[PDB]
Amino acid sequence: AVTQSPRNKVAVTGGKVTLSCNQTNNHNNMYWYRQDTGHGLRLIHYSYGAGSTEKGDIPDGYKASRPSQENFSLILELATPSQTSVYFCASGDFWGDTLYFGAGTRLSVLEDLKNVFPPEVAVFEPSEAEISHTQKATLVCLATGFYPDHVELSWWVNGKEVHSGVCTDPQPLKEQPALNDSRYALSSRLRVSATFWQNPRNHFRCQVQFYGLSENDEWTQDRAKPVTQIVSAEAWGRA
């Protein structure tokens, strides 16, 4: 497969950002694209093999590197907020007809780290009216006030991650659709049978994986450093 690294990253303007890509398919062509809304997929750099790099449609700001047949690296020597985007690595065979894209890398280039806030997670227990109108119970989870939208939301029932009866919004919402540093919120829904929610042995858990700063940065504010962390909220059954 094709695994990029890291899959989430936050970096201040003017710092160096090295996006790595590894590919275990014995391919030779490797590509670094980026995705932006309204502009589709735009090729930044690509390489035919070890030692050579080729200039894509948007080489400005970026510098590729192919030290190996497996590894293809983007380099951002002077990061800019216009390079905040989702970067995608790919690989193909000579004359190949299929591209093999990587998972993704959400990159946030920011002028100030002070806008990096972890989320606040709160579970809302289902209404008695829904239980006594449908014989179903919908818990709703809220992760609020986080920046940037580098979160991943999962439900844990009785210690095991569930998917049946789960849905999360496609993309977060801005708490103030006016400020350029507006933090986000995200809402999810887990619906269980009424008889399952009324057994107070069962605990339902909302986990929010927040991707933020790293152990190798510097934090110069009065509050805690918004490192990459789990933030969860829990609830139990009732009568």
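Quick note: we count residues from 1 along the sequence shown, nothing fancier.
Between 213 to 221 and 5 to 13, which has the larger average Cα B-factor in the PDB entry?
-> It is 213 to 221 that shows the higher mean C-alpha B-factor.
If you average the Cα B factors in the entry, which is higher, 27 to 35 or 196 to 204?
-> Mean CA B-factor is higher for 196 to 204.
Can you tell me which of 91, 105, 73, 144 has the highest Cα temperature factor in the record?
-> So the option with the highest C-alpha B-factor is 144.
Selection from 63, 66, 42, 174 [criterion: highest C-alpha temperature factor in the record] | Across 63, 66, 42, 174, the entry lists the biggest C-alpha B-factor for 174.
If you rank every modelled residue in this chain by C-alpha B factor, which third holds residue 19: lowest, middle or highest?
-> Residue 19: CA B-factor falls in the lowest third of its chain.
Just say lowest, middle or highest third for the CA B-factor of residue 148 relative to the other modelled residues in its chain.
-> For residue 148, the deposited C-alpha B-factor lands in the highest third.
Split the chain's modelled residues into thirds by Cα B-factor; is residue 127 in the lowest, middle or highest one?
-> Its C-alpha B-factor, which the entry lists for residue 127, ranks in the middle third among residues of this chain.
Select lowest, middle or highest to describe the third in which the CA B-factor of residue 182 falls within its chain in this entry.
-> Highest third, going by the recorded CA B-factors of the chain.
Rank-wise, by C-alpha B-factor, drop residue 169 into the lowest, middle or highest third of its chain.
-> Middle third, going by the recorded CA B-factors of the chain.
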